[PDB]
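>>> let's see this in three dimensions:
(chains A, B, C, D, E, F, G and H, ligands or ions: 8)
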Amino acid sequence: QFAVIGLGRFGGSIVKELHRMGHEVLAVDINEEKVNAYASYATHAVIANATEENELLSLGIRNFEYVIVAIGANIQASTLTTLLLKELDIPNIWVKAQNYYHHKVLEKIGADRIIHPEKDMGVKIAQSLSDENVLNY
Amino acid sequence: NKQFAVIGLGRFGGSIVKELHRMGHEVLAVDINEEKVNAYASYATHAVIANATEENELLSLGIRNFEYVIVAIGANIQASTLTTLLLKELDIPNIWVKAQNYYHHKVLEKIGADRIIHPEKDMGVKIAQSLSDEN
Amino acid sequence: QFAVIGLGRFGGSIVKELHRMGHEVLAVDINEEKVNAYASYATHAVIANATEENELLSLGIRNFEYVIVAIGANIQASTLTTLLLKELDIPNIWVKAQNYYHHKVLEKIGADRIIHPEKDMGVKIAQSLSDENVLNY
Amino acid sequence: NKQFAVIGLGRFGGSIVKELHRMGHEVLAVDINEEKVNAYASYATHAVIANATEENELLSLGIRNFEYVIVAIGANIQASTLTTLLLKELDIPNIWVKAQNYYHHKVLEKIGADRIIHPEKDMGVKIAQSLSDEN
Amino acid sequence: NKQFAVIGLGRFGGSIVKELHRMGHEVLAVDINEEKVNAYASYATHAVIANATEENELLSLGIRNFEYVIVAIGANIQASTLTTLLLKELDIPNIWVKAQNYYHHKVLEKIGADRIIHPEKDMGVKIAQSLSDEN
Amino acid sequence: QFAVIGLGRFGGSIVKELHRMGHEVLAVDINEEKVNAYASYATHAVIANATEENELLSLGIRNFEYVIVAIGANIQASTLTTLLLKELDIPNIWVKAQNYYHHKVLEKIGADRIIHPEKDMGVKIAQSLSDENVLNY
Amino acid sequence: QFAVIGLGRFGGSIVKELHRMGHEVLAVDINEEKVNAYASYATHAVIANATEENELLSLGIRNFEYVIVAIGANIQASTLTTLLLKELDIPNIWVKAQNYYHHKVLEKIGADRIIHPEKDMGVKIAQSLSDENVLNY
Amino acid sequence: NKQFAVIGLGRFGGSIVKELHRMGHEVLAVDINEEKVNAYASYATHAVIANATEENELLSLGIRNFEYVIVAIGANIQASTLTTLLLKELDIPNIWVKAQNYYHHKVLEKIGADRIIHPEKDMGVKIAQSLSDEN
Ligand SMILES: Nc1ncnc2c1ncn2[C@@H]1O[C@H](COP(=O)(O)OP(=O)(O)OP(=O)(O)O)[C@@H](O)[C@H]1O
Ligand SMILES: Nc1ncnc2c1ncn2[C@@H]1O[C@H](COP(=O)(O)OP(=O)(O)OP(=O)(O)O)[C@@H](O)[C@H]1O
Ligand SMILES: Nc1ncnc2c1ncn2[C@@H]1O[C@H](COP(=O)(O)OP(=O)(O)OP(=O)(O)O)[C@@H](O)[C@H]1O
Ligand SMILES: Nc1ncnc2c1ncn2[C@@H]1O[C@H](COP(=O)(O)OP(=O)(O)OP(=O)(O)O)[C@@H](O)[C@H]1O
Ligand SMILES: Nc1ncnc2c1ncn2[C@@H]1O[C@H](COP(=O)(O)OP(=O)(O)OP(=O)(O)O)[C@@H](O)[C@H]1O
Ligand SMILES: Nc1ncnc2c1ncn2[C@@H]1O[C@H](COP(=O)(O)OP(=O)(O)OP(=O)(O)O)[C@@H](O)[C@H]1O
Ligand SMILES: Nc1ncnc2c1ncn2[C@@H]1O[C@H](COP(=O)(O)OP(=O)(O)OP(=O)(O)O)[C@@H](O)[C@H]1O
Ligand SMILES: Nc1ncnc2c1ncn2[C@@H]1O[C@H](COP(=O)(O)OP(=O)(O)OP(=O)(O)O)[C@@H](O)[C@H]1O
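Numbers count the residues shown, from 1 in each chain, chains lettered A, B, ... in the order given. Ligands and ions are numbered 1, 2, ... in the order given. Have a look at this structure:
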């Protein structure tokens, strides 16, 4: 149903919520320590290298409607993965962007949603502030 | 008038000044670095240059007249907390602060911050919510 | 009676004198090597993370009239600890300040005495020099 | 007159120049770095710029006419000891020096320093003493 | 006319601009760094200064009118790929790109690059071939 | 027949092709991990320090018509080796040059061919581009 | 007869020559690997910390007419040692100077000869050049 | 006249230019860095600024007219050896070079240097000799 690649503060944090709301989630990450840390939250916590076109097939990643690339300080895999996923014809692929340049490649690459955790949170914050006063509550 | 004041114009803080603007709201944006100030002068009702930690400059901005102040200082937990701690002094109704890490979050909870934001984590839970709603 | 958190040149050095003058002292420090180094001087040398609200309770730290935060190059714990201690309603809390900014947070935080080992020693030195000539000895 | 001379205006050395001043005492403060010199010109009876290690500049300041000289050089054990060693030459009655570490302390004891100060440790024993007196 | 365009004038890219010149061919050489541009102005039919990643500057050079574009960006896989990805947009017939490492090579294969060059390896196989022919 | 010293992207890559074309090759390199990595491609993959005048003799390096110094970020051994080889009266010695200065010493030293993987590839690239249009294919 | 403290290129190199000319030498150095490396050249190769006033006594260092402080990139021990030795009333103490400042402390400290391996070698070189032509040989 | 030429004015090389001077000998001192050149202009019969590796500048100094050239280049084995290798070309009678390490020494032996100097070691054997003579 929902696959999340890269378990950092952003990616992991989304695996939990997905769990808390009673949803099955496949969480993956080359680093095994990161995998064990969420084994209790994901319907399945696998260890793999998302960039490896084969391991991706090991996870039947092509059977998920949504995959979330949460790779962080690695514009390399973040981009390679998104590309690979784009081949498996994965319906919706959402990716975290590390910087501006990244956002651009991601757009053209074919990502369905780009997330800028920092900025995006900003908009949501201004939005929250706005509600507090407009709706008045 | 004088409802939102944003201190620290980084990717997070600045990004909220624009949105505040785009939604037709007046915003006071501040930041010691003048280059950062000029960069948002077009978005804020007022873009001032100042050192938030300086108890006097803070008074120069009538910061006590704002219902909401947002401390978006980043890689300088030092100022971030002093500011917040100063803001607390002026009895500023609502003060929201970005937390740099776990400790920072812990202090802010005891310092007296009204809302702590973890852009990274908090947005994560945000996306979980969206995938959930999409299906 | 007297609790000292952080056994560096400053903090430790005070544990000894407290000892030498026949006083019971509780010396604590996450780093165990630092703890063993003063085990012979303190009435009790515990290993703990002062920032951990629970471990602090493990030491009955709330039963001391004086606690000394001697944390050094860690404006983080130095500040968190002082805060935690300020909650346990610890009567007198003396803290070493790392820099100016630190001194300010400490003041507002609620510390009862801030120590600037470098500067403070200066005043004591000028004072000593002064005595040598004024009292004339 | 000409009783205290302080070489090296860092947090330690400078801090003692002010106190000397506050207590109404004349002080000669010196330091190669001119920015440090201007910073205390208001506190010292005389704020000179010089290289303490230079056996001649030392003579430019009549440093031999002071009963007390305080070497507050910090992260430069090199100068700190040469200075002290030069001061010893001029037969300066009392020379107190800040020690950077254990070795420095050891040399100073053999160099001929009259008093070695370990701001960190020495203040520690100072605080032990105060807690003791408070109870 | 308008047959070869080389983006990025480093040891690899520049070295190909000269040869193109030496063999009596017109070449458009480009590079954000102006010092690099002046260095080959003597070799290229046109040495422009620009940011290849900027979708507009690319249009300033009529880059879409070239049969061959060579991305010789080096230690900046970031631009190297964005450029290539932009070039792909303009439907540039043949785009050859230098690969910085294994990943870069992999993306370029999926990005749509027509030829990936690994100066180090590729030249190795080149020398193997020469020893072979010498004997 | 063909000896290759230094198995980096350049040097190794040439050992393979030499293999693929059915040629016997002696590949050497101090680092054993690099040696094992090509043991399957070379008629012989030895571990040695090319700069050691003795080890060089251990490999009968004087019995090869061609030796290729592919040492990379080590202008030291690259140069020492070429010198040593130049003593063994090795017929043809081809060396990879790290920078310009290196190229100059190599020329004067007595190297028979200097390779600038980066630049040389450039010329071959311009050449290829040229063929595509002149020969028209 | 001759004691040498610090076995670096300079210090060690002098232990050998002392040996080669049939002289007994005591070579010392905290680092044991350096000590083993000259055990075959010195009448005695001890491991110790020259700055330790006690270990120095362990070597009866006060029984030598000449001690050579060859400590290098350690203006600390080089100076402390020379001081300690100066207390044991060691007749002649020769020290390698690391920089100018060092040379000055050494002079005042009381060293009998300061050596600037770099510069001193220079004078000897100019001297050699001079002989080649003046004496004409 | 034209008997000694010293290339590279560092602690070693420069130190030999002075001594050559003090003993009343003419010396040509050279070094790319002009500040180093001015520093010894008072000691050398001629203090030129040049790049020893440049086969032409070397000719600008008539370096081929000197019986002895001393390469005192230090932390740049690159130039040190190229120079020496160039000097060899001009058939310079005697060329003495400072060796930076073991390798450098090995190449110089094969390059054709007439004398290799290891300031550190060589002086060590020098001191051994003096202690020996003192007793
Ligand atoms: N090729 C890969 N395949 C799968 N997972 C990967 C791959 N490369 C890196 N990761 C994982 O993705 C994450 C890297 O992103 P990053 O380093 O930014 O996380 P972080 O810095 O620790 O926390 P944050 O994402 O909030 O900055 C790590 O959890 C890492 O283990
Ligand atoms: N004492 C202060 N008073 C007011 N503004 C400050 C103060 N200190 C820093 N700032 C400003 O607030 C921001 C600090 O947060 P931060 O350092 O993380 O920004 P950044 O690192 O440049 O970019 P980012 O926020 O995305 O990490 C900077 O824009 C800085 O100019
Ligand atoms: N969270 C913590 N809880 C308890 N003790 C801590 C904690 N964090 C650090 N310490 C201790 O406090 C000390 C850190 O301060 P610091 O590093 O400045 O000491 P130092 O640098 O070695 O000597 P000095 O204090 O004189 O500069 C260490 O002894 C460390 O083990
Ligand atoms: N040779 C010298 N003669 C006179 N003054 C000197 C000399 N060398 C350094 N100083 C001065 O004395 C001080 C050296 O001590 P130090 O380097 O520790 O000061 P600091 O590091 O800038 O601040 P702090 O003393 O708190 O560490 C500096 O203020 C420096 O300008
Ligand atoms: N966005 C860009 N648009 C156009 N040219 C660029 C861009 N980014 C970098 N360049 C240029 O292309 C080259 C980048 O490749 P690279 O960084 O490897 O050159 P280099 O490191 O200076 O030397 P070398 O190519 O031999 O490693 C540089 O010459 C740089 O000036
Ligand atoms: N003295 C030596 N004798 C034999 N082989 C050596 C010697 N010194 C280094 N090598 C080998 O030569 C190579 C060093 O060149 P280099 O470091 O540039 O290779 P690389 O950087 O890993 O890849 P590339 O050559 O494409 O840059 C290594 O494979 C190393 O093990
Ligand atoms: N306290 C000490 N007591 C005795 N020997 C010491 C002491 N401290 C350092 N040494 C020795 O003295 C030497 C340090 O000088 P140094 O580091 O300059 O030698 P090096 O750099 O390896 O070679 P070179 O002296 O030619 O520069 C080492 O051999 C070290 O083991
Ligand atoms: N190609 C060159 N031609 C002529 N002179 C050069 C060349 N390269 C460097 N030099 C000079 O020769 C010297 C190089 O030796 P080195 O770098 O060791 O001097 P240093 O490091 O500044 O001081 P020291 O010699 O004591 O280590 C420098 O003074 C430098 O200016």
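
>>> how about the longest helix along chain A, does it get close to chain B?
Assignment by DSSP state H gives helix A:117-131 as the longest helix of chain A. Yes - Helix A:117-131 lies within reach of chain B by C-beta under 8 Å from any C-beta of the partner chain, at A:117-127, A:129-130. Heads up, the C-betas are built off the backbone N, CA and C, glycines and all.

>>> what sits up against that helix?
Residues outside helix A:117-131 that contact it (C-beta atoms under 8 Å, 6 or more residues apart in numbering or on different chains): A:10, A:96, A:137, B:4, B:10-20, B:23, B:25, B:68, B:70, B:96, B:117, B:119-120, B:122-124, B:126.

>>> within reach of ligand 1, which of the residues you listed are there?
A:10, B:120 (C-beta under 6 Å from any ligand atom).

>>> for the residue nearest to the spatial centre of chain A, what are phi and psi?
The centroid of chain A falls nearest to residue A:68 when counting by C-alpha atoms, centre = their mean (2.7 Å). Main-chain dihedrals, residue A:68, degrees, to the nearest 10: phi -120, psi 110.

>>> please apply the same query to residue A:106.
phi -50, psi -40.

>>> could you report the neighbour count for the spatially closest residue to it that is not a sequence neighbour?
For residue A:106, ignoring the flanking residues on the chain, the nearest one in space by C-beta to C-beta, 6 or more residues apart in numbering or on different chains is residue A:114 at 5.0 Å. Counted with other C-beta atoms under 10 Å in any protein chain shown, residues neighbouring residue A:114 total 19.

>>> what do you get for residue A:37?
Neighbourhood size, residue A:37 [other C-beta under 10 Å]: 16.

>>> for the helix or strand where residue A:107 lies, packing partners?
Assigned by DSSP states H and E, residue A:107 belongs to helix A:100-109. Contact partners of helix A:100-109 among helices and strands, from 3 or more C-beta pairs under 8 Å, 6 or more residues apart in numbering or on different chains; DSSP states H and E: helix A:75-87, strand A:113-115, helix E:77-89.

>>> what residue in chain A comes nearest to ligand 1?
Minimum separation of chain A from ligand 1 (C-beta to the nearest ligand atom) falls at residue A:72, amounting to 1.6 Å.

>>> and that residue, what does it touch?
A:6, A:8, A:10, A:78, A:96, A:98.

>>> swap in residue A:78?
So residue A:78 contacts A:6, A:69, A:71-72, A:95-96, A:98, A:102 (C-beta under 8 Å, 6+ apart).

>>> can you pull the contacts of the residue in chain A that ligand 3 sits nearest to?
Across chain A, the shortest distance to ligand 3 (C-beta to the nearest ligand atom) belongs to residue A:9, at 21.8 Å. By C-beta under 8 Å, 6+ apart, the contact list for residue A:9 reads B:118, B:120-121, B:124.

>>> the same query, at a cut-off of 6 Å, please.
Counting by C-beta atoms under 6 Å, 6 or more residues apart in numbering or on different chains, residue A:9 touches B:120-121.

>>> please apply the same query to residue A:65.
Counted by C-beta under 6 Å, 6+ apart, residue A:65 has contacts residue A:91.

>>> how about 7 Å then?
A:1, A:91-92 (C-beta atoms under 7 Å, 6 or more residues apart in numbering or on different chains).

>>> again, but for residue A:66
A:2-3, A:91-92, B:131.

>>> change it to 10 Å
Taking C-beta atoms under 10 Å, 6 or more residues apart in numbering or on different chains, we find residue A:66 in contact with A:1-4, A:25, A:90-94, A:112-113, B:130-131, B:134-135.
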